[PDB]
Amino acid sequence: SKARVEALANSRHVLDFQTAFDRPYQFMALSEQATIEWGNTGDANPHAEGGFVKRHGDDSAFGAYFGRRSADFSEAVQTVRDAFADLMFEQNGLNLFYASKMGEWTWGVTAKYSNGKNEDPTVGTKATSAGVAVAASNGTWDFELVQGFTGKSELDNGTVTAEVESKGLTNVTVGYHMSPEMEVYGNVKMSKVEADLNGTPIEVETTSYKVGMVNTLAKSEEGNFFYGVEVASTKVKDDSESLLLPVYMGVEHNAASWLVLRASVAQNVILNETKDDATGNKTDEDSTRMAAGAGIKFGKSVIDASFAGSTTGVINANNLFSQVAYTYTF
Amino acid sequence: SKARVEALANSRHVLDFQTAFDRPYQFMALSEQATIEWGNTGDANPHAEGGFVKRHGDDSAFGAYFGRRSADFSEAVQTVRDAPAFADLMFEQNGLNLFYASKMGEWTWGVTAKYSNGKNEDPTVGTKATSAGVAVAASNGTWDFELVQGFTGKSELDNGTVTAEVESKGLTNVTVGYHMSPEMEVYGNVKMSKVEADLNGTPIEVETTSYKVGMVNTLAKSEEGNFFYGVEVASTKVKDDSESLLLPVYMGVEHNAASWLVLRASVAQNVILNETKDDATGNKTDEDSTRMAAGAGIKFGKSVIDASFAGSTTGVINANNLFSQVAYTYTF
Amino acid sequence: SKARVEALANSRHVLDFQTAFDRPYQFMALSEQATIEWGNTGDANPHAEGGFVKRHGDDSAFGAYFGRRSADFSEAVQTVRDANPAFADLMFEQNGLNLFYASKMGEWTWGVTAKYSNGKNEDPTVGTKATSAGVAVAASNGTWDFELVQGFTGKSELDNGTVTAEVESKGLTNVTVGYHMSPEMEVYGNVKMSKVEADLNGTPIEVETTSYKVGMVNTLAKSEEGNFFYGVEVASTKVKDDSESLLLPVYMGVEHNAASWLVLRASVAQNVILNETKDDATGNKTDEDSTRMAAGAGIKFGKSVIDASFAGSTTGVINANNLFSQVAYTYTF
Amino acid sequence: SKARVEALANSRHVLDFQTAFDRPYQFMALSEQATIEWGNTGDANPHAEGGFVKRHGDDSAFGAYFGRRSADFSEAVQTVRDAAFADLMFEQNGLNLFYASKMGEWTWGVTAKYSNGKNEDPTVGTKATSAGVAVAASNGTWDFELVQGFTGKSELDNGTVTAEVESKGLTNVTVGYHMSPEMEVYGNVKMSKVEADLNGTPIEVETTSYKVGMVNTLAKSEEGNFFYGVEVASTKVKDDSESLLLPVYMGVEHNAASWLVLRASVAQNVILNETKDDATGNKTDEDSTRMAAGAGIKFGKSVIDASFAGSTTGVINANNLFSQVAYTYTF
Amino acid sequence: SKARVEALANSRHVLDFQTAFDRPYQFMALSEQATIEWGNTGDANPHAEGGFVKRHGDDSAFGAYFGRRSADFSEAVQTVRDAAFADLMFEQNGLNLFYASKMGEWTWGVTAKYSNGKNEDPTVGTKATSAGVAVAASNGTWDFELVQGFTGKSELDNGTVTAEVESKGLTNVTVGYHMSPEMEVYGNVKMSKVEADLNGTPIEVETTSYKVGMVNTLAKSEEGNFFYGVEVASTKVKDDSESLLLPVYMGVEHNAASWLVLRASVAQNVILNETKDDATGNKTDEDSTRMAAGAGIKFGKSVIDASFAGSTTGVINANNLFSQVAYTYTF
């Protein structure tokens with residue numbers, strides 16, 4: 001579930017449905033599951049989503065997913081939106111994926127398609143998205159690749175013209191497992207997007223690098239206390255430049271026969287500076303953050319959620335569970 | 001209940017008391033039970049309803065229902081209401109529902125009769141509203157036939173200042189269902205409806221014809237858990253401006269979570285075919301279509317309380333948003 | 001409790017403390033118990049009430065009850081009250108007191124219930140008085156029931172420095188018969204008369220109301236954890252020079268011992284076919300929607316039971332801001 | 001617990017920590033326990049309170065209590081507050110010390126109350142003080158109780174207005190008899206006198222009251238006891254008011270489960286409800302029926318007593334679950 | 001858990017993560033664990049914090065903590081904000110490193126603290142640096158704790174106004190003696206000077222404290238333990254005020270069930286409660302009664318410590334169940 005992955009701070013060691021859309025070899029290592037994320041139909045948060053994964057024999061896995069929305073697309077559309099507020103997100107997200115085991119190497123591929131339009135004279139919107147993700151794994155080595163083919167969103171209504179177009183989206187990840195407890199990974203991500211607000215052309219170009227590590231402090235059953243160090247440098251051309259060292263630690267515990275408790279804390283240690291270009295001014299604010307969540311188990315049914323009141327520290331009837339998901343494991 | 005079937009995407013494989021009204025042969029296969037839908041009297045949502053079904057012998061069933069309202073009648077009355097001069101047009105007042113079913117050899121068949129009559133003769137409301145109909149269906153384990161015919165329906169308003177009438181000029185619904193496997197089925201139906209209205213001397217005609225073909229496959233269905241999915245092609249045409257070809261693809265599960273809990277969830281989308289054209293021009297609309305529904309039923313033996321998670325559309329389970337659309341069922 | 005009787009559709013088969021006030025032979029069939037209805041003081045809904053019933057020997061019962069307010073008295077005061096609320100001080104019953112006795116004379120159970128109420132406010136600003144008295148006599152054979160209710164007096168006065176308004180009951184009869192052909196089948200009939208006169212600064216108001224009722228109560232499903240009842244009734248009403256009504260309410264409901272700590276009750280009713288109310292001068296008619304439902308739960312703790320009604324009954328919502336209302340507490344000895 | 005005593009209609013048959021302040025011979029019957037009342041600091045409601053009682057040997061008991069406030073002091077200060098006078102002090106830092114011993118066949122106890130506080134800032138200028146003792150003895154069939162307030166004051170020198178409330182007497186004699194372990198009869202005489210200087214306008218009240226009553230148990234059980242009680246109470250306020258009442262109550266405290274106690278009661282003034290005004294002769298007789306309820310969550314040697322917050326509106330919902338919470342630990 | 005140490009009135013007898021922060025010899029006596037304190041990021045209350053403690057052998061221990069904020073800093077910056098000046102920076106990205114070791118018969122330990130932040134944006138222009146250490150030792154009967162602060166600057170230079178705070182010293186020495194496992198005494202001296210500059214106008218604050226007190230257990234039990242303590246506190250703010258208090262408290266922590274722990278306490282300033290102004294000479298004696306409650310839900314190795322939100326009003330309802338929640342996972 002999304003809440004499960006968030007409560008563990010995107011630990012990069014977590015095996016989940018939501019973490020396999022970019023690592024499709026994990027669809028072979030997962031179990032047969034059906035998953036639904038609670039939410040609404042329009043452009044609301046959270047959005048309704050759902051899918052399934054099944055095994056074709058004993059060496060293949062196939063499945064589909066409804067309503068997934070990209071982050072690189074929704075973020076750019078949101079950026080252009082408040083700068098015209100009728101530009102469109104991914105309309106009918108369609109994800110197909112497949113994975114097989116060729117000997118000792120498992121490999122997988124996921125495909126994403128989306129299309130929607132509105133031809134009313136007062137609402138001139140249309141949106142199209144497409145991309146693929148290919149990954150192969152060995153158990154000791156790990157390789158992933160994410161490619162975006164097309165991305166577009168136009169609004170031509172009543173003398174107002176707006177567009178956002180994806181000019182490329184690359185995402186390469188390499189992982190190495192020195193042991194079944196410790197692993198090291200690296201990542202390079204380029205993203206060039208160009209938009210027209212009303213004859214005004216704007217172009218952004220994002221470059222990211224990532225080197226990390228995930229280990230285990232407490233080696234136990236019931237739960238494992240995990241910890242991770244990471245170095246991240248993000249360069250946005252002619253806008254800003256960042257360099258962070260996020261350190262996180264957390265645990266996932268089978269508290270009861272009906273409860274799973276997830277918690278983590280993170281903070282950028284020593285390195286938290288985001289220098290702003292064309293000015294030279296830096297920014298080093300507080301960055302300590304936490305996430306908490308619960309998973310209620312009824313045999314083959316699990317309701318993952320996050321504690322709604324963790325941010326204020328308060329948990330009561332009015333703030334109990336938010337970001338709910340349901341999973342059925344055949 | 002209206003929440004058990006809504007949480008299960010209104011599938012054609014579900015057998016409830018709320019599905020047996022248009023499939024009267026299903027009252028013989030339903031367990032003897034009494035249902036109460038919680039709500040308030042009058043133009044309220046949700047409305048209050050309830051009924052029963054009892055077996056008269058070894059091959060027969062009968063019962064009655066209270067307060068059930070028609071979707072087409074309500075839709076027509078609502079579309080006429082939004083024309096404040098005519099926000100008194102009445103709904104289906106009261107509402108009586110009788111049904112009967114039997115087993116003639118290997119074919120089981122059933123009938124369902126609907127009636128309604130309301131009146132408000134005060135000189136400043138002048139409202140009157142009536143309705144009637146019938147639904148006949150027969151079914152062997154393999155072949156399923158359903159015909160729905162609405163004889164009449166009216167809603168007149170006359171308060172000495174304005175006048176509004178809505179009339180049903182025809183409503184027929186025929187469905188065919190085939191069962192290859194006890195876990196696979198196909199169906200198709202035709203829906204024809206004509207509504208005549210008059211808003212203070214402005215005669216209006218509304219005509220709708222619908223087609224739909226489909227499949228419901230229940231893969232991985234056990235005695236503790238039932239996974240299913242279905243595909244369907246639905247075409248709908250309004251005489252003047254509306255043609256819509258859609259491909260609804262849904263999936264969902266009903267799981268016996270515990271001895272006191274049953275969890276139901278579903279997700280649906282319009283895959284590829286999500287197009288609705290307007291006839292006046294050639295304006296086509298392809299907007300978002302992902303939706304989900306969740307619900308639960310608390311089992312206390314012969315008593316079950318079914319509801320829908322109120323926070324489903326916001327994704328929250330708290331005590332301020334816990335249950336909605338509650339109904340109480342008692343299995344004799 | 002009031003909640004329990006409400007969620008069972010004021011069915012004439014439910015034996016409860018609240019149904020035995022007008023059927024005083026039923027106090028010999030109840031167990032020994034003490035009940036407290038939650039509420040506040042004054043003209044507040046729900047009002048505070050409570051009382052007990054104890055067995056005196058083995059063939060007699062007795063008890064008392066605090067705070068019971070009539071329906072006719074409250075209604076008659078309310079119509080004048082809501083007539095610039097110049098008459099907003101008219102007092103309802105002030106301090107209710109009931110004394111009931113029941114004895115088993117041979118095979119016939121018999122019982123009497125007495126009602127007294129009195130209160131006043133002699134402040135010149137608020138010159139209010141209120142008095143009421145009545146009795147209820149009933150007997151039962153097991154198959155034959157006879158119940159008689161009489162209102163000896165009832166009056167509510169108000170004399171400010173400016174206004175002057177009083178209401179007064181000039182009679183209130185309520186004869187009722189009942190036959191039991193089977194432990195599931197029973198039929199009954201009821202005749203009711205009520206004259207009310209009011210004064211509004213010298214303008215008399217008169218209200219005469221006559222009622223007739225015939226109905227039956229039967230069982231569609233018999234169990235041991237919970238039976239299943241239904242009823243059909245014919246109700247005719249004639250408010251002199253105002254309105255006339257004939258109705259056919261039909262109800263159906265259930266009480267189920269869901270667990271060892273739970274009792275679930277629900278019901279639904281509607282006036283089938285015969286829904287009709289006619290005005291007298293205009294001659295007009297009204298036949299609108301009449302589908303009502305009632306739900307409630309009783310939490311059992313052994314000798315203590317908390318009876319409530321689901322507050323989300325009219326909205327279909329069992330949330331926490333809306334879980335239990337109309338709470339009452341009953342201690343059974 | 002205050003919620004426990006209120007839910008049971010303040011009857012004289014209840015043995016609670018809160019009923020032993022005015023009957024200090026009960027501190028030897030109570031088990032060794034510590035009580036904390038949830039609340040805030042200051043002129044709040046409820047107020048924070050806490051104390052303990054411990055056994056000193058085999059026939060003695062002692063303890064202390066924090067934050068207790070007197071009903072008469074609060075009422076006298078409130079009467080002046082609601083009639097630039099909203100800064101009058103209540104009892105501040107109230108201290109109670111008690112002791113009890115068994116003198117052969119008799120049990121006797123003493124409690125002492127002290128409360129001092131001040132605020133000498135020029136724009137407030139308030140000072141409050143209090144003192145009193147309560148001596149009681151009991152045998153098992155006879156109860157003798159005497160409460161004697163020694164001092165009580167609340168001044169106010171705002172620099173623009175002046176005020177001062179003073180106690181000029183307090184007397185509470187109470188004799189109780191036990192016609193049986195079940196039945197019990199009591200009597201009570203109370204005298205009080207409060208003198209105030211409302212910016213140069215001397216206001217004086219003089220309260221005289223007598224109570225005769227009984228408490229009886231008509232249903233006997235080992236899970237819970239059902240009780241009722243009748244009482245005649247006369248109250249006279251010199252040159253102002255006169256009231257005669259007959260408050261009748263009934264109630265029960267039941268151990269429903271191994272983790273739950275349930276308390277409920279109902280009361281009403283029967284036949285005698287008249288309050289006569291001694292300035293015009295006009296009387297008053299309105300509605301008296303009242304109810305209270307509460308619960309206790311027994312988690313072993315830890316019990317949390319509370320009152321159902323929705324009793325007045327008859328709603329047990331999550332926004333109106335519990336109120337007047339108090340935690341009790343038994344050593 | 002902050003809400004635990006708060007429900008026990010910050011008693012010296014408790015062993016927790018923060019009590020170990022200021023007494024590093026306790027990290028060797030703490031069980032291996034990791035704790036996360038729920039909250040938000042930035043100048044928010046509660047703040048998000050978390051850390052762990054692991055054993056390096058059989059006689060050593062170490063760990064780290066994220067997001068801890070010192071109270072002296074959070075009070076000086078707050079009073080400067082209360083005197097525009099709303100952008101003054103609190104402690105940013107607080108880091109804590111601890112080491113403990115059972116050297117011989119002694120058990121020492123050291124805690125280090127560091128924090129740094131900035132905004133360098135011309136219309137905020139903020140900066141906040143902090144550094145300090147804490148050394149302690151204990152052989153079982155004698156405790157020696159020392160707390161020293163090195164840097165405490167916190168600036169603000171936007172276009173118009175110019176604020177500034179600085180710490181010119183912070184020393185805290187405490188000595189404790191343990192006569193029995195139950196009774197303990199302690200003495201503590203703290204001297205801290207804070208010099209601010211509010212837009213050229215200089216402000217100087219000097220504080221000196223002297224605390225001496227005892228902690229004993231009134232009742233003795235296995236699941237719970239009823240404790241109490243008496244303390245004398247004097248505080249002389251140079252040429253601003255002078256106080257002398259006597260805080261007395263009592264409380265308990267009960268293993269109510271296998272899934273529940275209940276904690277509560279009550280406190281008051283008995284007899285000595287005075288605060289005298291240095292210039293005017295006036296004194297204030299106001300109400301000082303207070304209580305605290307909290308719960309800990311045990312799930313085996315995971316414990317959810319919370320503070321009863323409705324304690325200050327005496328309610329337990331939907332909106333007032335838990336607050337100040339933290340999560341602890343014991344390895």
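Protein chains in written order, with the entry's author numbering: chain E, 1 to 83, 98 to 344; chain D, 1 to 83, 96 to 344; chain C, 1 to 83, 95 to 344; chain B, 1 to 83, 97 to 344; chain A, 1 to 83, 97 to 344. Backbone N, C-alpha and C define an ideal beta-carbon position, used for all residues, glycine too.
Residue j beta carbon less than 8 Å from that of residue i
i	j	result
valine 250 (chain A)	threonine 220 (chain A)	yes
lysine 126 (chain E)	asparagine 106 (chain E)	no
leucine 275 (chain D)	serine 180 (chain E)	no
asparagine 332 (chain A)	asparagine 129 (chain B)	no
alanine 64 (chain E)	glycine 51 (chain E)	yes
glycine 309 (chain B)	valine 265 (chain B)	no
Nearest residue (CA-CA) to residue i, options the options
i	options	result
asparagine 40 (chain B)	A:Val328, A:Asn332, A:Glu208	A:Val328
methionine 196 (chain A)	A:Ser31, A:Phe239, A:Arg69, A:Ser1	A:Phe239
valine 77 (chain A)	A:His56, A:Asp43, A:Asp253	A:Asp43
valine 218 (chain B)	B:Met204, B:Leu231, B:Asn229	B:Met204
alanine 147 (chain B)	B:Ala64, B:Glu158, B:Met28, B:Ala141	B:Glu158
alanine 277 (chain A)	B:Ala113, B:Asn10, B:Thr35, B:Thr19	B:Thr35
Residue range of the alpha helix (DSSP H) that includes residue i
i	result
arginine 81 (chain C)	71–81
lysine 2 (chain E)	2–7
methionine 28 (chain A)	Counting along the chain, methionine 28 (chain A) falls outside any alpha helix (DSSP H), and DSSP gives it neither H nor E.
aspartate 22 (chain A)	17–22
Alpha carbon of residue i to alpha carbon of residue j, nearest angstrom
i	j	result
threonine 248 (chain D)	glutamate 255 (chain D)	6 Å
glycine 172 (chain B)	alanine 292 (chain A)	20 Å
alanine 83 (chain A)	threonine 79 (chain E)	39 Å
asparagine 286 (chain A)	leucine 257 (chain A)	6 Å
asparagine 330 (chain D)	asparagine 330 (chain E)	9 Å
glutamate 104 (chain D)	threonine 341 (chain C)	42 Å
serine 324 (chain A)	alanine 305 (chain A)	7 Å
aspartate 253 (chain E)	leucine 334 (chain B)	55 Å
Delimiting residues of the beta strand (DSSP E) encompassing residue i
i	result
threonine 343 (chain E)	335–343
> What are the complete beta strand (DSSP E) segments, minimum 3 residues, inside the stretch 211–278 of chain D?
Replying inline: Those beta strand (DSSP E) runs which fall completely within the stretch 211–278 of chain D and span 3+ residues are 215–229, 237–250, 254–267.
> Which runs of the beta strand (DSSP E) spanning at least 3 residues fall entirely within the stretch 100–154 of chain B, listed in chain order?
Replying inline: Taken in chain order, the unbroken stretches of beta strand (DSSP E) that lie wholly in the stretch 100–154 of chain B and span 3 residues or more are 108–116, 119–132, 139–151.
> Can you give, in chain order, each stretch of the beta strand (DSSP E) that sits fully within the stretch 166–204 of chain E and has at least 3 residues?
Replying inline: Residue ranges of uninterrupted beta strand (DSSP E) with 3 or more members, entirely inside the stretch 166–204 of chain E and ordered along the chain, are 174–191.
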